[PDB]
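Inspection log for the structure reproduced underneath, given as structure tokens.
Just so it is clear, none of the values below were taken in a lab; they were calculated from the coordinates. Note that each Cβ is placed from the backbone with ideal geometry, even for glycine, and that neighbours are counted across all protein chains shown.
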Amino acid sequence: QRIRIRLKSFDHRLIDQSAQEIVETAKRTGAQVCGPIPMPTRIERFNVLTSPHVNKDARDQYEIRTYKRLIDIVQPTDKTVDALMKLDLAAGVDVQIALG
Amino acid sequence: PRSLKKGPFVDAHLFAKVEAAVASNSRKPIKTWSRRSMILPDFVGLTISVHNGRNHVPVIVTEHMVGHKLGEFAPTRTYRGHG
Amino acid sequence: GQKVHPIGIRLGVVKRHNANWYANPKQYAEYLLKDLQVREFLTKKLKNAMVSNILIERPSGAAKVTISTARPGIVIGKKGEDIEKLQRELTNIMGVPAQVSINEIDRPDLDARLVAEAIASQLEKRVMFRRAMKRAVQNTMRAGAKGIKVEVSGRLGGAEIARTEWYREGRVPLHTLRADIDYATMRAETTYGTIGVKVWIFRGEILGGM
Amino acid sequence: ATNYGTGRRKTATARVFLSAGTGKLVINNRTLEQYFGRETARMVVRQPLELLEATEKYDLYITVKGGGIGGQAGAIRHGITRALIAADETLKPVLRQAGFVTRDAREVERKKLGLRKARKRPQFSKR
Amino acid sequence: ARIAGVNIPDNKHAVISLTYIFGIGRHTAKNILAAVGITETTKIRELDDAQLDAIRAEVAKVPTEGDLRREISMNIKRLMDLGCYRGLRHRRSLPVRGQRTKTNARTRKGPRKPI
Amino acid sequence: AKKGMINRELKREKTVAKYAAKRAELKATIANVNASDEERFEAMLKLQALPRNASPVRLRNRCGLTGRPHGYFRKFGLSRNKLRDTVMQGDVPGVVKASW
Amino acid sequence: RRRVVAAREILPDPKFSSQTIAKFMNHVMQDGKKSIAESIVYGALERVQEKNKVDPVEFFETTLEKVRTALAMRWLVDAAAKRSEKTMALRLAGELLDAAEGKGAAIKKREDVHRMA
RNA sequence: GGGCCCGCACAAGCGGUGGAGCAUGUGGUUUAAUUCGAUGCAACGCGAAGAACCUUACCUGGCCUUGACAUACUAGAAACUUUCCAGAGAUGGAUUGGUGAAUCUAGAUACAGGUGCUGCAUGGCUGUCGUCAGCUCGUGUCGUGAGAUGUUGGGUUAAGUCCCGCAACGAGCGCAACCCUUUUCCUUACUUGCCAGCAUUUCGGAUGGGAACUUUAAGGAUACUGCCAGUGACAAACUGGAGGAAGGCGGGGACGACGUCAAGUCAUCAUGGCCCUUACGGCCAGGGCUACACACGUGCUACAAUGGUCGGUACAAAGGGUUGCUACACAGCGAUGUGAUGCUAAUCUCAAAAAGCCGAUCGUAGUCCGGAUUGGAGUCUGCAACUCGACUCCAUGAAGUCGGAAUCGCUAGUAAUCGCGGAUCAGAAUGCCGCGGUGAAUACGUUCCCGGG
RNA sequence: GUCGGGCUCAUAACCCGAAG
RNA sequence: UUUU
Ligand SMILES: [Mg+2]
Ligand SMILES: [Mg+2]
Ligand SMILES: [Mg+2]
Ligand SMILES: [Mg+2]
Ligand SMILES: [Mg+2]
Ligand SMILES: [Mg+2]
Ligand SMILES: [Mg+2]
Ligand SMILES: [Mg+2]
Ligand SMILES: [Mg+2]
Ligand SMILES: [Mg+2]
Ligand SMILES: [Mg+2]
Ligand SMILES: [Mg+2]
Ligand SMILES: [Mg+2]
Ligand SMILES: [Mg+2]
Ligand SMILES: [Mg+2]
Ligand SMILES: [Mg+2]
Ligand SMILES: [Mg+2]
Ligand SMILES: [Mg+2]
Ligand SMILES: [Mg+2]
Ligand SMILES: [Mg+2]
Ligand SMILES: [Mg+2]
Ligand SMILES: [Mg+2]
Ligand SMILES: [Mg+2]
Ligand SMILES: [Mg+2]
């Protein structure tokens, strides 16, 4: 079969190293990686009034970004699904492993 | 206006009171805070005292007041002039 | 006036966040409000100790909290009754098996939280504010900091009109974003009201970014 | 004999493929007059090939996306000169003097917090 | 050229000139001209005196100047006499559809008054 | 906010959660077509005969910590005053000050 | 401002390669509707081309110094509108042929200055 | 009280406000109440990123009393879950199952509760001068000494920026730089995005395929007066030109020194003091915050021909979607309704961009301009649109023909003009915060007006 | 003269408009 | 030109 791995995170320094630590770990136990494709980033923004009572033009502008990376493993062996599922990954990364 | 596929809206306690009064041909006014119920063709004849914020104003239902809301016949704000 | 907060202005520059987890936009609020409770409970459950930072992570539907205290012996007690009962308390709030890690602070005179807490606990025993300020400034510059500022505000000395008094030793470059700077605020509950302590500690620049 | 150029103007791209042939053009599977109803966008598109006096020695296959009429016309012009100086670098001085080599980097300036539109502030009043 | 007791302009397209009758808009004029079978760009000047009769027949089927004016002026009287909120707002000549009166009601109230 | 307002909100959403299933199935019976018209009229009667506080239209979003009814953000569950404080000190994951 | 500044240069119009023509149609444009402006001026020029055959870029700059530059080009764009002739491309191409033969609307408008000169 | 310098401060230009109608905040007045706060610049589309009930603080009536909520005490009962009657509801009564921790009930003392007062008792947070260029220290020197010098003087700069003279020599915080985004290129990455070259085509990148190009998004390179000429004090800096995508700070943001105004906020929160405690606390239904002789601030729409209407036909960016967004089909003039498909999204969808281009018509009229106000008939959200919602259809068709004295914004992808999206939110934007399309005119200068050094 | 608007941190002079 |  095939494996698609989707990674979502608020930190891209973290998502990069999670992706490039999954890719080489797969490359060791076989071959056929299809690269960490970068999907476009979601950016949502907020305006927050910084004064307790009345000052409209005095606001702090905040931002949060969601990063998404895509990895495909096309023809995996019988020792790669375990070498993947036997892997601990640091906090702040959501990993979705799907077959179709 | 309310959608015609839902029908007219009348409160349930007010409808019970009206139907109870119509069967005994009573003349006592019906006191109510409803003010948002529609005037049904059955109400015609009765005397209803509707709240207006501070008092209950008496209203005599006429054959032309059918289809309005009760609170249309009890104004809430007081005004005479400015000079 | 109206300076920016020294920590939040450099949160993707030279400072990490104190919370490290991901959540779908419909689960974000529950998580946020569940760990704000953990902080607001731990800050008083460990008041006699010298806690300075609390880090919250959620690895794989779990909960990990690192408490960086200056005296772990009290937050642990005998080996097997404080870290083992705290965890049974942090699950009733997080709703998930919690874990508690300890990060002992060496040199607890270079984190602004502990300096501010000490100055406040002195001010709440009727010590002259200038004595306490000068003592702290002198005692942090020996530990190796490249600069420290202290600020105290509000009805000083039991007076009737409030004023602010600050003291500095060294460099404290606040407009340099690659300069790492610790910052803290604390409240002193005196017989006459509230007194506010602010501490800036400068420990050098950061070269390399993130 | 197929050279390639790319030209940005504001948010347009203009992939341009230049080759030898008679003088024929297509923009997005559409002749030049079918594409630009603005009659002065056509004479922005046709500027570099008529500067060198050639106008008839090259086939042009163009695609473009993003931006508006003027944006896409200037993008196509930029791409055409970049596909031209790829064939013969000798032409780069001349095409520089007419100002076709420079990328116009002017963009729309963001709106600002507390202003009407990026430089326009609300109406002031005393007393 | 004279329909519904009104003199309508003669050097004008028919769909434009038929709207000079009180009670006929543009949609109603389109409906009338289509039902009778006349194009909208025809001037009233270019109409035979035998088409104007079918136009008058079709116009008679909808309410026009006097009938409609009286129809409008009777509903307002009924409202004012029944004594609901709208009748009261009509007696006092103030907005009946919920607008603000602290400012901006000068179309119901008219020219301003000094003090 | 006062301490009676927060208990009023708790009261209201408790009652909303109690009457969720019944109100939903009455709403479904009403919007049906293959049922009797007397069916879909008695359903209307029983629907508007519930307590007023069983309707989610009477719920007002308040700050999770203090209880402020204004300046609410759905993504966070806090109002602007506490949002500024908890963001600027680093306790909200992913959020930074925004510059275009 | 308070120190010094320079002026801005204009790309000459793409059809007749003139700079004065570009500067003239920049005074006629409003709200950034340059299609309308170039339609108007190009129509005026291709009108005066078919009547009294003469090169347009030459006739235009010949009639400009009859009225003189910015303030000259303002009187033309003004007095051509307050005319009630037809579409603007035709009551602009009307004041040009008027002012060439010494008319009174924009040509003899500046004469009022020569009296008070 | 004098002198110099700077900034859309004036001057030059372009477009507005003051005039009309409507939206919105304020004052006043009215009211049972029209809840409270913000008053030159720096209050007046401000707290409020959204008052039908709720919100809600206000008014009228009906109700409770250790309480809606906490802690410590005693006695009884698993919490929990059905059916009904009265009542506007709060609230009382009756019924059905269920069998030491949690969990309700009853009683009782300390107490709880207070958006009640003081921002002139305060913490925290903010405005303002103002992104203005200043505020200091250690030595070494002068004045018995408090102190001075440094930091003042000639130029230059966005700048206490730099050079030069100088009893000063250095150093710190401010300025700049480090951070974000845009403009050129390079490397890794090749799907859900791409289609140059092959074939296949039901003409649809659609499908074999391809990894070029666009793009997506992570890391690098590049600009420094480096090169040429002059000006300039052996100077700093300035003027020109060659390359280069770009040239002298390339464009924009974030970042707001020491301090001023007893500036704003006890109604976000915390807090010293004072005050209420069968009420200044708590729970309900209805009303009010939407009133209307009037005055002001901020906006929107127009007064038309560079335009209105009708038919045809092009070109975006950025955002949102599972209690949600909906291809498509049918019904209706339409708002919408029913069915039914895809989508947890570079995949499906909002979604049509609009101004533009080509054609016809209107021919300067209070009009085929303008859309206020009113009558009639509907749709949707919601327990409910009377007071007091938004939208659709038919009819009606005000004022208004460019606005007195005066006054405002703007120095370039800016002003002007044209559409698109979101936060709040069941519903309710002409406000607020963003996104792209088209795309100008002007700057001789510093006497004058305003603020600052 | 009065009432409204303008200039002023405020006020008057002054300016604009209106009613009589 | 009156007052701070
Ligand atoms: Mg724009
Ligand atoms: Mg942009
Ligand atoms: Mg004014
Ligand atoms: Mg008519
Ligand atoms: Mg409180
Ligand atoms: Mg609500
Ligand atoms: Mg400027
Ligand atoms: Mg001026
Ligand atoms: Mg108060
Ligand atoms: Mg504003
Ligand atoms: Mg008791
Ligand atoms: Mg104060
Ligand atoms: Mg304060
Ligand atoms: Mg310096
Ligand atoms: Mg800086
Ligand atoms: Mg004060
Ligand atoms: Mg006050
Ligand atoms: Mg207090
Ligand atoms: Mg109420
Ligand atoms: Mg209000
Ligand atoms: Mg019209
Ligand atoms: Mg008139
Ligand atoms: Mg001055
Ligand atoms: Mg200076």
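Observations on the model:
- Our compactness index for the range D:3-127, the C-alpha radius of gyration over the empirical 2.2 N^0.38 Å, is 1.34.
- Per-residue shielding of A:83-92, expressed as the average number of other chain Cβ atoms within 10 Å of the residue Cβ, stands at 3.
- Binning the C-alpha pair distances of the range C:107-210 at 10 Å intervals from 0 yields a P(r) profile of 16, 47, 26, 9, 2 %, listed from the shortest bin outward.
- Taking every alpha-carbon pair under 8 Å whose residues sit at least 6 apart, chain C reaches a relative contact order of 19 percent.
- Taking amide H as placed 1.01 Å from N in the peptide plane, the amide H of residue C:53 sits under 5 Å from that of C:68, each at least 5 places away or on another chain.
- Percent of C-alpha pairs per 5 Å bin, the range C:74-160, short to long: 2, 11, 17, 14, 11, 12, 11, 12, 8, 2, 0
- Over the Cα atoms of chain B, the radius of gyration divided by the Kirkwood radius equals 1.02; this is the Rg/Rh ratio.
- Nearest-ten-degree value, helix A:12-28 long axis tilted from longest Cα axis of chain A: 0
- DSSP-defined antiparallel bridges as percent of all bridges, chain B, nearest 5: 65
- Once the C-beta distance of residue C:142 and residue A:27 is scaled by a Förster radius of 60 Å, the resulting FRET efficiency is 0.70 to the nearest 0.05.
- Other protein chain Cβ atoms within 10 Å, averaged over every residue that makes up C:13-25: 6
- The Kirkwood hydrodynamic radius of chain E, based on inverse pair distances between different Cα atoms, is 17.0 Å.
- GNM top mover of E:24, E:76, E:32 - chain E, alpha-carbon springs below 10 Å: E:76
- A Cα-only calculation for the range E:71-115 places Rg and Dmax at 12.1, 39 Å.
- Radius ratio Rg over Rh of the range C:16-106, counting only Cα atoms, Kirkwood formula for Rh: 0.96
- Globularity ratio of chain A, using Cα Rg and 2.2 N^0.38 Å: 1.50
- Listed by chain and number, the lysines whose alpha-carbon sits under 18 Å from that of residue F:46, ignoring those within fewer than 8 places in the same chain, are B:5, B:6, F:18, F:22, F:27.
- Under a Gaussian network description of chain F, with springs only between Cα atoms under 10 Å, the residue in F:52, F:12, F:84 that fluctuates furthest is F:84.
- Seen from a random direction on average, the alpha-carbon convex hull of chain F projects onto 10.1 square nanometres.
- Phi-based couplings in Hz for the range G:78-87 (Karplus 6.51, -1.76, 1.60; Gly and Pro marked x): 7, 5, 7, 7, 6, 10, 6, 10, 6, 2
- The spread of Cα positions in chain G, taken along each principal axis and listed from longest to shortest, comes to 47, 39, 26 Å.
- Ellipticity at 222 nm from helices only: DSSP H runs of n ≥ 4 in the protein assembly as shown, each -39500 (n - 2.57), divided by the residue count, give -10500 deg cm²/dmol.
- Karplus 3J(HN,Hα) series, Hz, for the range D:55-65 with 6.51 cos²θ - 1.76 cosθ + 1.60 (x for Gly, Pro): 6, 9, 9, 9, 9, 10, 10, 10, 10, 8, 7
- Percent of alpha-carbon pairs separated by more than 49 Å within the protein assembly as shown: 58
- Counting only other chain Cβ atoms within 10 Å of each residue's Cβ, the peptide A:48-55 averages 3.
- Net charge of the neighbourhood of residue C:151, taken over other residues with C-beta under 9 Å away and scored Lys/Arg +1, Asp/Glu -1, is +1.
- Cα convex hull of chain C, projected area averaged across orientations, nm²: 14.0
- Nearest 10 degrees, 0 to 90: helix B:12-24 Cα axis against chain B principal axis: 70
- Within the protein assembly as shown, DSSP assigns beta bridges of which about 85% are antiparallel (rounded to the nearest 5).
- Order by protection proxy (mean Cβ within 10 Å, highest first), peptides F:66-72, E:105-111, C:116-122: C:116-122, F:66-72, E:105-111
- Cα convex hull of the range F:45-100, projected area averaged across orientations, nm²: 6.1
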